[PDB]
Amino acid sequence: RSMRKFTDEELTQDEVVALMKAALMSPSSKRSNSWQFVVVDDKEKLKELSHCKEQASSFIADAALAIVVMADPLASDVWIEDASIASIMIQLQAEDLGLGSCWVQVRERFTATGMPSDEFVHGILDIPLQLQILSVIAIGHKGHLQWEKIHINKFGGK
């Protein structure tokens, strides 16, 4: 063991492909598939990318892989919904493979110096301005339900 959020242990090509397929099979409004994905395995880029989080993300920095989820807002007015779906599909597929993941939120977030996290990520990964970033899903080998929120047939019951 170590403090790393994810172990040394390398992803297989089969696992990496399975993750990409899960992303690409995500259901999207009108099958618009507004999303795109940047798959980051370079260690110095994972270290840079990790500062997209106000306090830098050690999940990103220690990851085997990170998948940056983005979307074209002209392809879909519900690009946020569509990208969120794709984010979850990645994480659930990771879990099914016996890997771990961490969703680092990018939309509406800021870096340590108050730069919009989307703007920061655009600069790190050379992403066109036409795409908007939702999240970074960091992946690797891993290092009380609120029933009051359920209403039956109307809000507050009856």
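A residue's number is simply how far along the shown sequence it sits, counting from 1.
According to the entry, the deposited sequence has 4 to 9 residues without coordinates between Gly143 and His144. Relative to one another, 38 to 46 and 101 to 109 have unequal mean CA B-factors, and 38 to 46 is the one with the higher figure. On average the C-alpha atoms of 54 to 62 have higher B-factors than those of the other stretch, with 114 to 122 and 54 to 62 being the two compared.
For the set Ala138, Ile150, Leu11, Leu134, the PDB entry assigns the largest Cα B-factor to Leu11.
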